[PDB]
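To keep things clear, I will list the structure first and then write my remarks on it.
No Cβ is skipped: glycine too gets one built from the backbone with ideal geometry, and neighbour counts run over all protein chains shown. Only the coordinates and a few stated rules stand behind these numbers; no lab work does.
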Amino acid sequence: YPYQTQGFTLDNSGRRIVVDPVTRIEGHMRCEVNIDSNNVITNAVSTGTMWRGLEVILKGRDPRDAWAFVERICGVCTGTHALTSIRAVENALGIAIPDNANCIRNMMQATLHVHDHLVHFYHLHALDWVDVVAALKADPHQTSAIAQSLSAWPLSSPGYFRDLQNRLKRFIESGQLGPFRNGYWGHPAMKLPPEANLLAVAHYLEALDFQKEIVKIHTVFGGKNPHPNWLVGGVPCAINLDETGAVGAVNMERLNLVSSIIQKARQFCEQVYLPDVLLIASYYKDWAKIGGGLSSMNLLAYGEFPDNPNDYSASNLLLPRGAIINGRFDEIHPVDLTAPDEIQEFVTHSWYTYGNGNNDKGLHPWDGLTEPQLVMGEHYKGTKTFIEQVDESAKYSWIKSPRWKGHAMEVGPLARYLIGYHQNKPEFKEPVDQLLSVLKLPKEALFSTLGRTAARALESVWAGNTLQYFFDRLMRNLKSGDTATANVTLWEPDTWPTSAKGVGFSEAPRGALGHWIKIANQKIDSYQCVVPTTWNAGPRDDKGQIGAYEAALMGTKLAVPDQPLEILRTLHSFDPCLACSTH
Amino acid sequence: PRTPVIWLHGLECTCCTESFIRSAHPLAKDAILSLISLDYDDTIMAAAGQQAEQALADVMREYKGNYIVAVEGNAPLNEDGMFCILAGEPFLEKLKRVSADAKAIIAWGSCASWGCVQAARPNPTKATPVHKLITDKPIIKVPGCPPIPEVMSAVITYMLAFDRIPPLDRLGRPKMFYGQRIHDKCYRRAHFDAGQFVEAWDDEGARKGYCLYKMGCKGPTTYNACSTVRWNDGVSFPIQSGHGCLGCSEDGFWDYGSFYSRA
Ligand code: NFU
Ligand code: SF4
Ligand code: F3S
Ligand SMILES: [Cl-]
Ligand SMILES: [Cl-]
Ligand SMILES: [Mg+2]
């Protein structure tokens, strides 16, 4: 059925390219696309290739333990799941956490945002835009000069570049490229000179060394990264600055370390990451017109970083909350997770069931159901052990299809950054505006793979500042004699309602995350997760309506079809995490 | 020449790969460029799709019988292995094919070693660890969710330097790091021994560094180096930062009862 849904028009004839495994993402995806005779994508298909089933594993466990299980949904997006879980439980039981706990949590979430975004740009996304071998051609003296006219970052000596270049050369000439093996070097879509190439590669390596630090903030408060620890009722990292056993607690020496790290992280995002995006952007300026997909039309975010504790009102969430529809940015609709007709996920084109004939019907997560049913349809190609080609007319992903009042949405940095922009908050508007001015592009350039990538960088700096801000607030708490870290009044389960519903939410690095728990007889009854990459990588629905990922591949021209570098760019710009998507 | 290492991802949350890069001495940069050849790795490798599979075939064919397979994640058995699908094929085949020609196998993390969270009751995906599937090759289990960054790196640098499999225990864990209980080298132990406990969060005990045993710490049943090597450049470890050991390096810790119970 050559049919048309949302601006785009979909054709299932023409050549069919396959990308499996999709690398430089978390976990397992499979993309399939169709091209026309002219090498333009007439169809795009997003298949999640894994599942583990926490939604099921949590039945009948202690709601206090929940965060530790759901934490292990994902080690890249680390802690955003735990944080949501505790919020959800706390929400249900009515627990109020103290100010210092709300501070520390927000610091740890901000630390994630910074760290994740940085590791993602360099170590997942960059090699779509950076020719590593090309870098061997470069002149160190210019490379330095470029990197120095780009920023005040001190690691720029020509000697440092020569030496790294010679190291890189020996690596490549060794004939053991490791991660660079059979990479897309020389591709015609690679578009930056050897100087900007060597530069990026150096920063790639510097980032790989430095990222390891940023996460020590998690280490101090959470105990370890990845997979730090959290607590229903507050935080475990109890504070004791000045009295006798302070060595067994968060004290002045720990807080000093944390302070010290924050400053380094913001410095790295401010002087290294964001600039290199502006340099790299400038060469790929036409990628401002590729990969909008849903971004120009439909956006969603739940907000994040409550300033005052226990107020999850939009009024108090530093990161924007809201919902856009059909390019109506004048009308930024507010978001309600209790509402049952509001926030839903269909399985119509996904390998789960909802019972017979209710396959077309969509479910709010308090009623949601994760029961798997693997079955391929009529136009399927392969066996039970093999997949030559997926049948998208039927069920085709391990990812559920989430919708907001029946509209397919795009979530993530760009989404918040757009909502906050039209909410007219200058903490987002101005830095977005100044980015456009330097690249000499208009508002609409944001609606693209390039804009989506810019949005992420802008946030790492913002998130850095927020991190400092919540450290600054923790400190004014302690100066004023508030050192409390945990409410323990409902820590005992015999103190709980006999049954209770709850919603936990967060704005994770990749987008809008929610957990819809039900407690009953001191045990978990429901537990349902709708995670950001679920929204984005989600298959189609009852309506036949496509998701953010598929939509964004749609206009794309494949310079070389055998080597789909172009598809990877767009897909990587959404920061895919499929563990995260499927749970 | 550098020892080639093929790093596979099965069912997993990618967390031991994230842990590995947190290594400080040696830097994961310095491992990648100078100690090993990280020849296939879903998470960071430039190549995708056919180009990615080709690159693997290249290194197996070429470095056959001499390469090390690192496995993070485990393999689901139910629905004929299609709860985890790499290049149109269940992960289980890909594992068997790659490890048949390998010199030795490192099982990173609790997923590959035991099952971890996907394998917690009622384990719908029938998630099954490496050593229950590959049984004709030597397996080093380096467990924990995740392992300690500098443990992972020290295991590799040891094997390269001494050209040996390190001494394993009954479970296949390098004794060097998994030989002693967290609790038998814990700093808060003095307090345990003198009955000084955190009884509830943020009590005088907690703020004084008291033993977390009553708050459900599983350090006394749990082998890892967390109390000694510690996490992230030895900055801290779960207990030091106020929370009891989860027992995350041991088999079945998810179904060992609650995390906040004494067991
Ligand atoms: N950000 C982020 Fe994660 Ni691997 C996703 N999707 C989160 O929940
Ligand atoms: S905190 Fe845990 S490992 Fe440390 S002394 Fe107490 S019970 Fe033992
Ligand atoms: S959770 Fe893991 S890191 Fe150590 S203290 Fe317990 S074994
Ligand atoms: Cl260093
Ligand atoms: Cl070298
Ligand atoms: Mg779900």
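Against the longest principal axis of chain B, how steep is helix B:49-62, in degrees 0 to 90 to the nearest 10, with axes from Cα atoms?
Rounded to the nearest ten degrees, it is 80.
At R0 = 22 Å, how high is the FRET efficiency between residue A:386 and residue A:16 if r is their beta carbon distance? Nearest 0.05 is fine.
0.85
Taking every DSSP beta bridge that has both residues in the stretch B:1-177, what percent is antiparallel when rounded to the nearest 5?
25
Could you give the distance between the Cα centres of the stretch A:306-341 and the stretch A:17-73, to the whole Å?
Cα centroid of the stretch A:306-341 versus Cα centroid of the stretch A:17-73: 26 Å apart.
Averaged over A:28-38, how many beta carbons belonging to a partner chain fall within 10 Å of each residue's beta carbon?
The per-residue average across the peptide is 2.
Cα atoms only: what Rg and Dmax, in Å, come out for the stretch B:31-88?
Just the Cα atoms of the stretch B:31-88 yield Rg and Dmax of 13.3, 41 Å.
Report the calculated FRET efficiency for residue A:331 and residue A:375 (r = Cβ-Cβ distance, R0 = 51 Å), to the nearest 0.05.
Between residue A:331 and residue A:375 the formula returns 0.80.
Suppose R0 equals 22 Å; then what is the FRET efficiency for residue A:172 and residue A:283 from their Cβ-Cβ distance, rounded to the nearest 0.05?
E(calc), rounded to 0.05, equals 0.45.
Kindly point out, ordered by number, any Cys in chain A whose beta-carbon has no other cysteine beta-carbon under 4.7 Å away.
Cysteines lacking a close Cβ partner in chain A: A:31, A:103, A:237, A:269, A:529.
When the Debye formula is applied to the Cα atoms of the stretch A:90-141, each taken as the same point scatterer, what base-10 log of I(q)/I(0) results at q = 0.25, 0.26, 0.32 Å⁻¹?
Once normalised to I(0) and log-transformed, intensities are -0.95, -0.97, -1.09.
Report, in listed order, any pair from B:175/B:218; A:523/A:543; A:557/B:64; A:191/A:443; A:429/A:479 with a Cα-Cα distance greater than 29 Å.
Over 29 Å apart, Cα to Cα: A:523/A:543; A:557/B:64; A:429/A:479.
Report the charge-dipole magnitude of chain B in Debye, nearest 20, computed about the Cα centre from +1 at each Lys and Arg Cβ and -1 at each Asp and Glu Cβ.
That gives chain B a dipole magnitude of about 800 debye.
What are the extents of the Cα atoms of the protein assembly as shown along their three principal axes, listed from largest to smallest and rounded to whole Å?
77, 63, 56
Pairs A:216/B:185; A:224/B:208; A:212/B:137: which are spaced more than 28 Å apart, C-alpha to C-alpha?
Long pairs (Cα-Cα over 28 Å): A:212/B:137.
How high is the relative contact order of the stretch A:341-449? Use alpha-carbon pairs under 8 Å, at least six apart in sequence, and give a whole percent.
26
Points 7 angstrom from Cα along the Cβ direction at residue A:313 and residue A:257: gap in nanometres?
3.9
Once both axes come from the Cα atoms, what is the angle between helix B:91-100 and the longest principal axis of chain B, in degrees from 0 to 90, rounded to 10?
70
Please compute the length gained on full extension between residue B:162 and residue B:256, using 0.36 nm multiplied by the number of residues separating them and subtracting their Cα-Cα distance.
Length gained, residue B:162 through residue B:256: 30.1 nm.
With +1 on each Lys and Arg Cβ and -1 on each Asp and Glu Cβ, and nothing else charged, work out how big the dipole of the stretch A:1-134 is about its Cα centre, in Debye to the nearest 20.
320
Check residue A:299: other-chain or 5+ apart residues with amide H under 5 Å from its amide H, H built from backbone geometry?
Here A:324, A:325, A:410 satisfy the definition.
Roughly how many Å is it from the Cα centre of the stretch A:158-203 to that of the stretch B:94-139, as a whole number?
35
Among A:253, A:410, A:378, rank each residue by its count of other Cβ atoms within 10 Å, from fewest to most, as a rough exposure measure.
Least crowded to most crowded, the residues run A:378, A:253, A:410.
What number comes out for the charge environment of residue B:163, summing +1 per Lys or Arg and -1 per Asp or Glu over other residues with Cβ under 15 Å away?
Summing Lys and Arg as +1 and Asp and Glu as -1 gives +3.
In what sequence do B:30, B:163, A:541 fall when counting other Cβ within 10 Å, fewest first?
B:163, B:30, A:541
Considering the dipole of the protein assembly as shown built from charges on the beta carbon (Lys and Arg +1, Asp and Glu -1) around the Cα centre, which of A:63, B:55, A:77 is farthest to its positive end?
Checking the options against the dipole of the protein assembly as shown, the answer is B:55.
When the Kirkwood radius is taken over all Cα pairs of the stretch A:223-263, what Stokes-Einstein diffusion coefficient follows at 20 °C and 1.002 mPa s, in µm²/s?
Stokes-Einstein gives a translational diffusion coefficient of 186 µm²/s.
Calculate the mean, over all residues of peptide A:51-62, of how many other protein chain Cβ atoms lie within 10 angstrom of the residue's Cβ.
Mean partner-chain Cβ count within 10 Å for A:51-62: 6.
Once you keep just the Cα pairs under 8 angstrom separated by 6 or more residues, what percentage relative contact order results for the stretch B:1-177?
Taking the mean separation of contacting Cα pairs over the length of the stretch B:1-177, I get 24 percent.
What span do the alpha-carbon atoms of the stretch A:33-176 cover on each of the three principal axes, reported in whole Å from largest to smallest?
Per principal axis, max minus min of the Cα coordinates gives 63, 51, 30 Å.
Can you pull the one-decimal nm distance between simple spin-label points at residue A:241 and residue A:209, each 7 Å off the Cα toward Cβ?
Distance between the two pseudo-spin positions: 3.5 nm.
For peptide B:209-215, what's the mean number of Cβ atoms from other chains within 10 Å of each residue's Cβ?
Mean number of neighbouring Cβ atoms from other chains: 2.
Over the alpha-carbon set of the stretch B:178-263, divide Rg by the Kirkwood Rh and report the Rg/Rh ratio to two decimals.
0.94
Could you give the Stokes-Einstein D for the stretch A:426-500 in µm² per second, using the C-alpha Kirkwood radius, 4 °C, 1.567 mPa s?
After rounding, the answer is 79 µm²/s.
What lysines does residue B:132 reach when the alpha-carbon gap must be under 17 Å and sequence neighbours fewer than 8 apart in one chain are set aside?
Filter leaves B:94, B:96, B:141.
Order these peptides, A:393-400, A:323-330, by their mean beta-carbon neighbour count within 10 angstrom, highest first.
Packing order, densest peptide first, comes out as A:393-400, A:323-330.
If you rank B:12, A:26, A:430, A:90 by fewest surrounding Cβ atoms within 10 Å, what's the result?
Least to most surrounded, the residues fall as A:430, A:90, A:26, B:12.
Only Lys, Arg, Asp and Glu count, each charged at its Cβ (+1, +1, -1, -1), so figure out the dipole size of the protein assembly as shown about its Cα centre, rounded to 20 debye.
That gives the protein assembly as shown a dipole magnitude of about 1320 debye.
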